[PDB]
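Visitor: quick check, what structure comes out for this input:
(3 chains)
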Amino acid sequence: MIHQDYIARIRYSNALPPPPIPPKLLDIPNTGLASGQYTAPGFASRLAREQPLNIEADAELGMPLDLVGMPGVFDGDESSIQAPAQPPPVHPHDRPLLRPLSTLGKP
Amino acid sequence: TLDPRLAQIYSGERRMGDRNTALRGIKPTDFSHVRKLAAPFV
Amino acid sequence: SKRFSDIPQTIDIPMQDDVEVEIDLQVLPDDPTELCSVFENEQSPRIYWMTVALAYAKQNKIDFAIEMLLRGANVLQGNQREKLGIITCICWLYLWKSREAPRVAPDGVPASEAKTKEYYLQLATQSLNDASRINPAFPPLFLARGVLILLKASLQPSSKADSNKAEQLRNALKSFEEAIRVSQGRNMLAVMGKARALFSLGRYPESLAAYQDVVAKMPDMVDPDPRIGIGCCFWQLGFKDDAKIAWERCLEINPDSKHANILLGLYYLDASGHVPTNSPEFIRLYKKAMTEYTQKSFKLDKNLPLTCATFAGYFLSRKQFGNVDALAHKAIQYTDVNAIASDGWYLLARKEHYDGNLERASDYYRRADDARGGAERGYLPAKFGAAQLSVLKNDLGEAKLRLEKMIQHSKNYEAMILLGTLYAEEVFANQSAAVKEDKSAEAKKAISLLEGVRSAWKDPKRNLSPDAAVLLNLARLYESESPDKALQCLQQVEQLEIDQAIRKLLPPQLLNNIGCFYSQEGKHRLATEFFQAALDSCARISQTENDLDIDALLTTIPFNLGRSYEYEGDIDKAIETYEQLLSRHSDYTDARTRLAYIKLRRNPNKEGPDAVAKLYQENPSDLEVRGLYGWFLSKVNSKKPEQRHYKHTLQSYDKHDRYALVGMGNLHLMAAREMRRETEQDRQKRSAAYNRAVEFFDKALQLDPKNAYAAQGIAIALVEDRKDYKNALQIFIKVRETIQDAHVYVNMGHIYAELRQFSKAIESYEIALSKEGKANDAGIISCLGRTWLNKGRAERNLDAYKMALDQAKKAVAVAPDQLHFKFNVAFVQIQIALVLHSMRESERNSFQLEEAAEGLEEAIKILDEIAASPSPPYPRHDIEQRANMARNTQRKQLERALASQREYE
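Guide: Residues are numbered from 1 along each chain as shown, chains lettered A, B, ... in the order given. Find the structure here:
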């Protein structure tokens, strides 16, 4: 009797969406690894060039020291390979080579 | 039951949603913790 | 003074007899063996031996001179004063021969009787030891030690990660410093030797200081010129322009200096690097460097390694390979220096790479890497060439090795792009395999690598060349789960394509996909324009040369276009496009499946169910078509085991069709709340039925943790079988942000109604009503009304009863036939009457009381009619009882309305 109340059937639902069937992606033609571009030497040629150059020609660095032929050295005298007592005046074109490292500026 | 021509036409197609992916909704989320609580259910 | 100025033109040999043999020391005997015999048999003095030997040295016949001094040595074994002399000369001549020697002789060597550098070195060591046993501390021997040690030290292969070489350099330095000490610092070859050692130790400022000291003290020393050292020191130390100055000065003094020329060519080569690609400035610098300076230097010595390597690189660039081999080979054979060897191997590698002999190319790359010490040090380009060579031969695992090894060393661009591509392609291949392996890790690796490549395009300092291929791959990677990034990618691929309002007919696939990504977002017209643009673009290809499968693209894309129209709304045009596509091609089924759905919504009664049946019959094994048919059967159940039957027939077509499984959990769930509970045994039976629903929900959701419908079905299972609202509500909250369907909000409102959280249950329901499909859902309006009503009870709030009545009246408007909805407006009116009767005049109004009385009259009427009505919601006698109490509530309200408006006086 007095248990009457607002009437509102109470149920839960989990209805599914209909299959949307969206648009379809298409395959975009591309350069694979099998297409040689990435495996060709060429692709590495830039990388090869920006590598620092070696400037070391020899173990002696291009200034080979031999006494052979040097007039008296095998006998007593190193005259031939000895600096004069009196340093010569500096040549204008050697002046720039003689500048101390400090004088050079910043690398 | 694909015609050969259809089969190759479909070959070029790549799906981006189907029956199942639809149920993931507008932004996917993990519901494996719900798996955890379905478990004690049975 | 000048070297060899010592030697005279002719000399007379003092015979046992006399006058005898005179010798011309400019035009000597072709063979000295006889002369040697003469000297032996003449007990000949030692000046003559030396004078003729050095004579042979002045016209480059060094072996002759060695042989002579060898014999002279043994002939004068008694006396060691000039023996010391000739033995020292021997040593130095063994250094000469050492210099012109090869690292290794041909494979038919034979290895013993090897004429190699190490052969002459070891011979020089013995002679040197002989001379030092006579007079250690003879200055020329201090020099000899230095030089020897240097020549031996340069042959030490590159160490990995040296200490052997470093210590050897120190020994050389100390021997050179000893030669300095003995001279009291006036021996310029000794200080040049010290400078060299310093340079090898990386002590560049002290080495520079040393070469400069030589030039300063003894400028006229030009054989060898220390200004070379000066240049090399400057160049290291990073002053390549001052190095240029030095080497030009070197050439000024001696234009036929074969080393200064190379070094200057290397200066210009480096300079040509800093200017771009091929240009006028670039070409002048490069032709200058190579042709002038390297050719010039090559004419002077064809066997000079650095030159050989450099000119081999020149020819390489000019695709002229017979030269490249000869040169580079020569370089490798004749070098004290590992770097040169590595550069030579690298050039040969790149040649054999171009021509395609991959095995020897890979070995060459390997030798080039090892020459600089191999792995953990080495030549980066050589390593890369290996990696590529391993990519071909399809031995992609090892490629993965070395690329990884490299990127771990440093973030090399070329490695990164190759590795990433490799991984991407691995993923793409996987996806069409018989068994999909899990390659989510490989996918990530790829994505990260190609985003690192994007970073490379970003930074101004690099020169910033962009690749389509990388963008496309990266677009596909992102496609599955991060689609907006894929879109952006394809947008920049659009731009790159167009560069080489907006009318854009680029390749169709690109435009389509862009359309597709736009379509996943809301931009359905933007998508539509892109599809149309794709079609046009295919038409343009059709007329011209290039054969693409235009008929395939003209089946796919117009479906997409129809789908887009459909998304967009002008469905009729969507229809016509589907149809036109079908007229030309009526077996493309996804089209007719969309048609049948378009139909199912337009004509629910008639053609739609006709159409879907027809589609199910004509086309019964398409899983999408299937799903649609099942969806249709669900609609028929809502209308109420055809559906469950069918879903598990489809379950025999595919074990993991998530759609069908959640379709099952749903069906079970609905069929099982209405199951007769009775009590006890009967009650248990349906809790088993819920168990089965959860069976299907969980399998489905285990295959796809992102599945919101399965999870939500478990929350419904939760609430009904075990009144676990609290966590069922968790599921609900985060499914709510992913689903947005009305029913989600309804189900939410149901939970919040239970949890006394009325306000939040209100606007859940309200949001549900907002939503398309009926705003005016009677059953939701009801539920909302009661929620309002309970909020009014709880909070003693009239306005909440007001709303509850309003809602109850909205429902009645919608279904004025319906018995209960009428009962509800009535009930609520009686409640408002009651609460208003309970309130104090202090907190009440006379207006309210009038409207309450009005409402109460209405209520009595409605209840009274219901009494007479058949099929009442409650027993009719109980309804009359409610009406009878409405007679004395009538009087309560009369009374208190009088009292209230008297208070209102």
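Visitor: which stretches of the chain form helices?
Guide: Because you didn't say which chain, this covers chain A. The residue ranges that make up the helices of chain A, judged by DSSP state H, are A:42-49, A:95-98.
Visitor: looking at chain B here, not the other one
Guide: Listed in chain order, the helices of chain B (DSSP H) span B:4-11, B:19-22, B:33-38.
Visitor: with distance to residue A:26 and mean neighbour count added, can I get those helices in a markdown table?
Guide: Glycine gets a C-beta too; all of them are placed from N, C-alpha and C. Output for those, formatted as a markdown table (distance: least, Cβ to Cβ, whole Å; neighbours: other Cβ atoms under 10 Å in any protein chain shown):
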| stretch | distance to residue A:26 | mean neighbour count |
| --- | --- | --- |
| helix B:4-11 | 11 | 13 |
| helix B:19-22 | 18 | 22 |
| helix B:33-38 | 36 | 20 |
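Visitor: residue contacts, residue C:560?
Guide: A:23-24, C:512, C:515-516, C:519, C:531 (Cβ atoms under 8 Å, 6 or more residues apart in numbering or on different chains).
Visitor: ok, 7 Å please
Guide: By Cβ atoms under 7 Å, 6 or more residues apart in numbering or on different chains, the contact list for residue C:560 reads A:23-24, C:512, C:515-516, C:531.
Visitor: kindly report the residues of chain B close to chain A.
Guide: Residues of chain B found near chain A (Cβ under 7 Å from any Cβ of the partner chain) are B:12-17, B:19, B:22-23.
Visitor: show me how to select, in PyMOL, the buried members of those residues.
Guide: Buried residues among the residues of chain B next to chain A (16 or more other Cβ atoms under 10 Å in any protein chain shown), as a PyMOL selection:
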select buried, chain B and resi 12+13+14+16+19+22+23
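Visitor: now, the residues of chain B next to chain A that are in strands?
Guide: Taking DSSP state E, the ones among those that sit in strands are B:13-14.
Visitor: near chain C, which of the residues of chain B next to chain A show up?
Guide: Among the residues of chain B next to chain A, chain C is touched by B:12-13, B:16, B:19, B:23 when using Cβ under 7 Å from any Cβ.
Visitor: rewinding a little: now the helices of chain B in a markdown table, with distance to residue C:684?
Guide: Shown next, in a markdown table, are the helices of chain B (distance: least, Cβ to Cβ, whole Å):
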| stretch | distance to residue C:684 |
| --- | --- |
| helix B:4-11 | 49 |
| helix B:19-22 | 33 |
| helix B:33-38 | 19 |
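Visitor: what strand or helix carries residue C:865?
Guide: According to DSSP states H and E, residue C:865 maps onto helix C:846-868.
Visitor: so which elements touch that helix?
Guide: On a contact count with 3 or more Cβ pairs under 7 Å, 6 or more residues apart in numbering or on different chains; DSSP states H and E, helix C:846-868 meets helix C:819-838, helix C:876-903.
Visitor: and residue C:43, how far is that from chain A?
Guide: 21 Å (Cβ to the nearest Cβ, to the nearest Å).
Visitor: walk me through the domains of chain C.
Guide: Split into domains by automatic domain parsing, chain C comes to C:202-301, C:818-905.
Visitor: now do the strands in chain C.
Guide: Assigned by DSSP E, chain C shows strands spanning C:10-13, C:21-24.
Visitor: re earlier: ranking the helices and strands packed on helix C:846-868 by mean neighbour count, which comes first?
Guide: Burial of the helices and strands packed on helix C:846-868 is given as mean neighbour count (mean count of other Cβ atoms under 10 Å in any protein chain shown); helix C:819-838 ranks first at a mean of 22.
Visitor: tell me the buried residues in the helix holding residue C:865?
Guide: Here helix C:846-868 shows C:846, C:848-849, C:852-853, C:855-856, C:859-860, C:862-864, C:866-867 as buried, counting by 16+ other Cβ under 10 Å.
Visitor: kindly report the same for stretch C:464-478.
Guide: C:467-478.
Visitor: for whatever residue of the stretch 1-150 of chain C ends up closest to chain B, what are its contacts?
Guide: Ranking the residues of the stretch 1-150 of chain C by distance to chain B (Cβ to the nearest Cβ) places residue C:107 first, at 54.5 Å. Applying Cβ under 7 Å, 6+ apart to residue C:107 gives no contacts.
Visitor: next, give phi and psi for it.
Guide: Here is the backbone geometry of residue C:107 (degrees, to the nearest 10): phi -70, psi -40.
Visitor: now the one 5 residues further on
Guide: Residue C:112 adopts backbone torsions of phi -70, psi 160, taken as degrees, to the nearest 10.
Visitor: what is the burial count for it?
Guide: The burial count assigned to residue C:112 is 6, neighbours taken as other Cβ atoms under 10 Å in any protein chain shown.
Visitor: and the one 10 residues further on, by the same measure?
Guide: By the criterion of other Cβ under 10 Å, residue C:122 has 13 neighbours.
Visitor: the one 10 residues further on now?
Guide: Residue C:132 has 19 neighbouring residues, counting by other Cβ under 10 Å.
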